[PDB]
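First the structure, in the form of structure tokens, and then the observations on it.
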2 protein chains.
Amino acid sequence: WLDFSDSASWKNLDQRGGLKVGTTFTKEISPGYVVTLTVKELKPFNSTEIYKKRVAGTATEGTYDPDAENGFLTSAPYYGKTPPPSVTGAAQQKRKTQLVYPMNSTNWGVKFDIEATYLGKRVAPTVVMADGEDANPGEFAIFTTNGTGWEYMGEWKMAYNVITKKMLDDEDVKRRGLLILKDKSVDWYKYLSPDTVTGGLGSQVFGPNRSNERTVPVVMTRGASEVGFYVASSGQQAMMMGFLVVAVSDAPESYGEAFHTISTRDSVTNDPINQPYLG
Amino acid sequence: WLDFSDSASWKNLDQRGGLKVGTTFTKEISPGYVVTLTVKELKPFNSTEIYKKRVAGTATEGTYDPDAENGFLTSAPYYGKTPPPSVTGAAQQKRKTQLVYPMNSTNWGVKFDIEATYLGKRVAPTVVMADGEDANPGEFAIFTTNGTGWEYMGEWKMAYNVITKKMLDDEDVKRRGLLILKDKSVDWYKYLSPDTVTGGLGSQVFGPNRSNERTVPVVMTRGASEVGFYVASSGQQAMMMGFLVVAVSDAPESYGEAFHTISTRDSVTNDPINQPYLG
């Protein structure tokens, strides 16, 4: 994974230390093997020929804008009130390998020319890409290539779910209006993959998707006669409750009324960022 | 895990098929081993003595409300406009083991009296609990017990992160105002665990937390001279890009200008819910 935080790897940055057309990133990633990235374009997906073809002949054909610029969602309060950020790697270890557009509520893109050399000779590179952040159904990251069509390599720890129109519309109703869908300058349904099964494997466009493997922490209490579950959420949470019976043999009849009637014992106050030591 | 969807396991439901005080859930979970849950209370966390003690002697002491009822966040548009739902298991396999309050934007709780019998004799149960849903820093699930203080058992696939005041305030600024924190009837900072390290292990109150292990899907392209990355998000996404060099030996010089200059090949249209078969 490239370390975009290494400031000496960058040349020809803008006034704010961010990318412009002609910015380069160069790294000798292995002895003799040099990769050079050059910024060719800084434009969002609604400016691409890919998007032009997806909206052709529909009600939203006019949303194709080849002159579109990186910036805020037009529904955001930032739009027109504050300059948008620059694309940057400048930490400003998970962060080090990320290239970001460091404000919320945006529609942006970058296209890089890539060159790899091995002992000074040009070679065909093998490029891997991922979104380092989590994505809900209204959060889109799309990958394009002019090389081989995308091949799934596996999961990187910090098969998956392709975002569909139904998932996006369900998320819109659930949140009572996603900010992104309030931007009427783009047809967001045409950001979604045409391939609802694999999200673009074996094509030159991958995503947008969301990772599908989550876990939940499990806790245990023994000798309870009362358990409570409390929720406050803009969404929904859900109770799971189970019982273990493997050790019933030597289980007591009860932990006792004396134990059960003590007031609920709250957790100790422990905040090491506030108070590093007990003494 | 209890199957709350089994309608015959429930007795004494309300008019809408949901829980009321005195509703029971009964299951013979293993031969001879019967668990009975009885609803003792349907009230949110701001009604508890736990919460009373956390706000005592502060500016928000008046937010303790022993007469509070389950219902919507007072900042939600639903509040006072539509009746709140009932707690229910009624599917209305991951869903089957969940007890839910099936509308968004709520502050609710349930307390159960628990009895376990083995061949008709009362026994001390071993109870496990989890939140079946994902939680962002403004989504709270809290577990209470009058049995042994909570012990961490591990992760259930569908160590963790305790939500802190800093995380909640960062999420508030990131989203430009969480709906939950707009409800001024509760001191949400006193829903957070006093124990920022473990979130209440070895106490009778666990959570609120969020699961900390995510993965990201990785794709690969070979022989690219151009790669693009496009984002649209109410939040932020991030590009990761890497190179593999293991097979440089037999790597070609180039995939060719002829290949590289073909227009970007979009993904095929494949939607099996719309069109189950090609023919």
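Naming works like this for the structure tokens: A, B, ... for the chains as they're shown, residue 1 at the start of each chain, ligands 1 onward in shown order.
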- Skipping near chain neighbours, those fewer than 6 positions away, what residues fall within 6 Å of residue 140 (chain A) using only C-alpha atoms, listed as a PyMOL selection string? (chain A and resi 208) or (chain B and resi 231-232)
Atoms kept (N, CA, C and O atoms) for selection, written as a PDB file, in the first residue's frame:
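Result file is result_36.pdb:
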ATOM      1  N   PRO A 208     -20.256   1.411  -6.696  1.00  0.00           N
ATOM      2  CA  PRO A 208     -20.017   1.464  -5.272  1.00  0.00           C
ATOM      3  C   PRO A 208     -20.613   0.308  -4.460  1.00  0.00           C
ATOM      4  O   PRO A 208     -21.636  -0.157  -4.701  1.00  0.00           O
TER       5      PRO A 208
ATOM      6  N   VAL B 231     -15.701   9.719  -5.549  1.00  0.00           N
ATOM      7  CA  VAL B 231     -16.425   9.646  -4.264  1.00  0.00           C
ATOM      8  C   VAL B 231     -17.591  10.607  -4.287  1.00  0.00           C
ATOM      9  O   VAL B 231     -17.466  11.749  -4.684  1.00  0.00           O
ATOM     10  N   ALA B 232     -18.708  10.174  -3.733  1.00  0.00           N
ATOM     11  CA  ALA B 232     -19.767  11.137  -3.324  1.00  0.00           C
ATOM     12  C   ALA B 232     -20.271  10.638  -1.989  1.00  0.00           C
ATOM     13  O   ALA B 232     -20.658   9.471  -1.872  1.00  0.00           O
TER      14      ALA B 232
END
- Surrounding residues of residue 20 (chain A) excluding itself and chain neighbours under 6 positions, 9 Å, only C-alpha atoms, as a ChimeraX atom specification: /A:12-14,39-42,86-87
- Quick one: residues within 10 Å of region 158-167 of chain A, only C-alpha atoms counted, chain neighbours fewer than 2 positions away excluded, as an NGL selection string? (:A and (94 or 132-133 or 135-140 or 152 or 154-156 or 169-172 or 188-200 or 206-213)) or (:B and (212-217 or 271))
Set the distance at 10 Å and use only C-alpha atoms: which residues neighbour residue 106 (chain A) once local chain neighbours fewer than 5 positions away are removed? I'd like the list as a PDB file with N, CA and C atoms, in the first residue's frame.
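Full text of part_20.pdb as output:
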ATOM      1  N   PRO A  44     -15.317  15.124 -10.724  1.00  0.00           N
ATOM      2  CA  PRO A  44     -16.208  14.096 -10.190  1.00  0.00           C
ATOM      3  C   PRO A  44     -16.875  13.211 -11.260  1.00  0.00           C
ATOM      4  N   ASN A  70     -14.468  19.273  -8.719  1.00  0.00           N
ATOM      5  CA  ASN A  70     -14.504  18.725  -7.351  1.00  0.00           C
ATOM      6  C   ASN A  70     -15.109  19.758  -6.411  1.00  0.00           C
ATOM      7  N   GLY A  71     -15.962  19.343  -5.515  1.00  0.00           N
ATOM      8  CA  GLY A  71     -16.425  20.296  -4.503  1.00  0.00           C
ATOM      9  C   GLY A  71     -17.502  19.670  -3.649  1.00  0.00           C
ATOM     10  N   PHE A  72     -18.238  20.517  -2.923  1.00  0.00           N
ATOM     11  CA  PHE A  72     -19.298  20.050  -2.024  1.00  0.00           C
ATOM     12  C   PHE A  72     -20.552  19.586  -2.774  1.00  0.00           C
ATOM     13  N   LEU A  73     -21.287  18.690  -2.136  1.00  0.00           N
ATOM     14  CA  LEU A  73     -22.679  18.443  -2.561  1.00  0.00           C
ATOM     15  C   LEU A  73     -23.428  19.786  -2.587  1.00  0.00           C
ATOM     16  N   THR A  74     -24.245  20.010  -3.622  1.00  0.00           N
ATOM     17  CA  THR A  74     -24.917  21.304  -3.757  1.00  0.00           C
ATOM     18  C   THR A  74     -25.992  21.428  -2.692  1.00  0.00           C
ATOM     19  N   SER A  75     -26.419  20.369  -2.049  1.00  0.00           N
ATOM     20  CA  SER A  75     -27.355  20.383  -0.910  1.00  0.00           C
ATOM     21  C   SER A  75     -26.666  20.727   0.404  1.00  0.00           C
ATOM     22  N   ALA A  76     -25.347  20.697   0.483  1.00  0.00           N
ATOM     23  CA  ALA A  76     -24.622  20.993   1.736  1.00  0.00           C
ATOM     24  C   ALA A  76     -24.612  22.493   1.990  1.00  0.00           C
ATOM     25  N   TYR A  78     -22.120  24.105   3.088  1.00  0.00           N
ATOM     26  CA  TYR A  78     -20.772  24.552   2.697  1.00  0.00           C
ATOM     27  C   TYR A  78     -20.765  25.090   1.291  1.00  0.00           C
ATOM     28  N   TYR A  79     -21.631  24.535   0.412  1.00  0.00           N
ATOM     29  CA  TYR A  79     -21.552  24.808  -1.019  1.00  0.00           C
ATOM     30  C   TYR A  79     -21.733  26.299  -1.298  1.00  0.00           C
ATOM     31  N   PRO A  84     -13.866  24.665  -1.336  1.00  0.00           N
ATOM     32  CA  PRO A  84     -13.688  23.258  -1.070  1.00  0.00           C
ATOM     33  C   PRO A  84     -12.214  22.970  -0.862  1.00  0.00           C
ATOM     34  N   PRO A  85     -11.958  21.817  -0.242  1.00  0.00           N
ATOM     35  CA  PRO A  85     -10.596  21.390   0.092  1.00  0.00           C
ATOM     36  C   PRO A  85      -9.886  20.912  -1.179  1.00  0.00           C
ATOM     37  N   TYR A 101     -10.113  13.825   0.779  1.00  0.00           N
ATOM     38  CA  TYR A 101     -10.656  15.154   0.386  1.00  0.00           C
ATOM     39  C   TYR A 101     -11.254  15.610   1.708  1.00  0.00           C
ATOM     40  N   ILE A 180     -27.256  13.501   0.335  1.00  0.00           N
ATOM     41  CA  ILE A 180     -26.728  13.300  -1.013  1.00  0.00           C
ATOM     42  C   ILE A 180     -27.895  13.387  -2.032  1.00  0.00           C
TER      43      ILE A 180
ATOM     44  N   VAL B 231     -15.701   9.719  -5.549  1.00  0.00           N
ATOM     45  CA  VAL B 231     -16.425   9.646  -4.264  1.00  0.00           C
ATOM     46  C   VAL B 231     -17.591  10.607  -4.287  1.00  0.00           C
ATOM     47  N   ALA B 232     -18.708  10.174  -3.733  1.00  0.00           N
ATOM     48  CA  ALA B 232     -19.767  11.137  -3.324  1.00  0.00           C
ATOM     49  C   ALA B 232     -20.271  10.638  -1.989  1.00  0.00           C
ATOM     50  N   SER B 233     -20.264  11.484  -0.975  1.00  0.00           N
ATOM     51  CA  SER B 233     -20.568  11.027   0.392  1.00  0.00           C
ATOM     52  C   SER B 233     -21.003  12.212   1.235  1.00  0.00           C
ATOM     53  N   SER B 234     -21.971  11.987   2.123  1.00  0.00           N
ATOM     54  CA  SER B 234     -22.266  12.996   3.188  1.00  0.00           C
ATOM     55  C   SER B 234     -21.158  13.044   4.199  1.00  0.00           C
ATOM     56  N   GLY B 235     -20.369  11.985   4.291  1.00  0.00           N
ATOM     57  CA  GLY B 235     -19.187  11.864   5.142  1.00  0.00           C
ATOM     58  C   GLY B 235     -17.936  12.069   4.287  1.00  0.00           C
ATOM     59  N   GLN B 236     -17.004  11.172   4.545  1.00  0.00           N
ATOM     60  CA  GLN B 236     -15.731  11.106   3.797  1.00  0.00           C
ATOM     61  C   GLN B 236     -15.406   9.675   3.451  1.00  0.00           C
ATOM     62  N   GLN B 237     -14.835   9.479   2.271  1.00  0.00           N
ATOM     63  CA  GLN B 237     -14.282   8.177   1.894  1.00  0.00           C
ATOM     64  C   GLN B 237     -12.795   8.382   1.698  1.00  0.00           C
TER      65      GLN B 237
END
- Task: Just give me the gap between CA of residue 187 (chain B) and CA of residue 60 (chain B) in Å, one decimal is fine.
- Result: 6.3 Å
- Spatial neighbours of residue 89 (chain A), max dist 10 Å, only C-alpha atoms, sep filter under 2 positions, as a ChimeraX atom specification: /A:3-7,10,17-19,86-87,91-92,95-102 /B:238-239
- Task: Any chance you could list, as number ranges by chain, the residues in region 17-118 of chain A that come up strand (DSSP E or B) when DSSP is run on the backbone?
- Result: A: 24-30, 33-41, 71-72, 88, 99-100, 106-118
- Item | Two-atom distance - CA of residue 81 (chain A), CA of residue 183 (chain A) (Å) | 15.9 Å
May I have all residues of region 77-254 of chain B that DSSP, computed from the backbone, assigns to helix (DSSP H, G or I), given as a tab-separated table (two decimals) with N, CA and C atoms, in the first residue's frame?
chain	number	residue	atom	x	y	z
B	165	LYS	N	-17.56	10.61	25.37
B	165	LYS	CA	-18.09	11.96	25.11
B	165	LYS	C	-17.39	12.59	23.91
B	166	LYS	N	-16.07	12.45	23.80
B	166	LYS	CA	-15.34	12.99	22.64
B	166	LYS	C	-15.84	12.38	21.34
B	167	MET	N	-16.05	11.07	21.28
B	167	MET	CA	-16.52	10.42	20.05
B	167	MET	C	-17.92	10.94	19.68
B	168	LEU	N	-18.78	11.07	20.68
B	168	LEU	CA	-20.17	11.52	20.48
B	168	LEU	C	-20.15	12.97	19.95
B	169	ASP	N	-19.32	13.84	20.54
B	169	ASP	CA	-19.26	15.28	20.16
B	169	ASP	C	-18.63	15.39	18.78
B	170	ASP	N	-17.60	14.57	18.48
B	170	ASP	CA	-17.00	14.55	17.12
B	170	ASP	C	-18.05	14.12	16.10
B	171	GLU	N	-18.89	13.13	16.42
B	171	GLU	CA	-19.94	12.65	15.49
B	171	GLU	C	-20.97	13.76	15.33
B	172	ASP	N	-21.26	14.53	16.37
B	172	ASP	CA	-22.24	15.64	16.31
B	172	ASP	C	-21.78	16.69	15.29
B	173	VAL	N	-20.51	17.04	15.36
B	173	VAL	CA	-19.92	18.11	14.48
B	173	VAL	C	-19.82	17.53	13.06
B	174	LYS	N	-19.36	16.30	12.92
B	174	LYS	CA	-19.23	15.62	11.60
B	174	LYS	C	-20.55	15.63	10.83
B	180	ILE	N	-30.35	12.75	17.90
B	180	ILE	CA	-30.48	12.32	19.29
B	180	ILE	C	-30.12	13.51	20.23
B	181	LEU	N	-29.02	14.22	19.93
B	181	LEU	CA	-28.55	15.30	20.81
B	181	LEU	C	-29.44	16.53	20.72
B	182	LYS	N	-30.27	16.58	19.70
B	182	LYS	CA	-31.30	17.62	19.63
B	182	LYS	C	-32.44	17.38	20.61
B	188	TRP	N	-27.74	12.94	27.30
B	188	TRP	CA	-27.24	11.76	26.58
B	188	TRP	C	-25.82	11.48	27.03
B	189	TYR	N	-25.05	12.46	27.49
B	189	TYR	CA	-23.67	12.17	27.95
B	189	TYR	C	-23.72	11.21	29.14
B	190	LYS	N	-24.80	11.19	29.88
B	190	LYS	CA	-24.94	10.27	31.04
B	190	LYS	C	-25.60	8.95	30.60
- With a distance cut-off of 6 Å and only C-alpha atoms, select the neighbouring residues of residue 149 (chain B), excluding the residue or stretch itself and same-chain residues fewer than 2 positions from it, and output the selection as a list in words.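 Selected residues are residues 202, 203 and 204 of chain B.
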Pull N, CA, C and O atoms from the residues just selected and write them as a JSON list (two decimals), in the first residue's frame.
[["chain", "number", "residue", "atom", "x", "y", "z"],
["B", 202, "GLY", "N", -17.39, -6.44, 34.53],
["B", 202, "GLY", "CA", -17.24, -6.51, 35.97],
["B", 202, "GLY", "C", -18.09, -5.52, 36.70],
["B", 202, "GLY", "O", -17.72, -5.13, 37.87],
["B", 203, "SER", "N", -19.11, -4.99, 36.06],
["B", 203, "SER", "CA", -20.17, -4.21, 36.69],
["B", 203, "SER", "C", -21.50, -4.74, 36.18],
["B", 203, "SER", "O", -21.51, -5.61, 35.30],
["B", 204, "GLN", "N", -22.57, -4.16, 36.66],
["B", 204, "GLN", "CA", -23.92, -4.61, 36.26],
["B", 204, "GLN", "C", -24.50, -3.76, 35.13],
["B", 204, "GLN", "O", -25.67, -4.00, 34.77]]
- Query: Any idea what the distance is between CA of residue 141 (chain A) and CA of residue 157 (chain A)?
  - Reply: 18.1 Å
- Can you pull out every residue within 6 Å of residue 222 (chain A), counting only C-alpha atoms, but drop anything in the same chain fewer than 3 positions away, and send it as number ranges by chain? B: 125-126, 147-148
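In terms of minimum interatomic distance to chain B, A:130 ranks closest within A:130, A:55, A:8, A:278, counting only C-alpha atoms.
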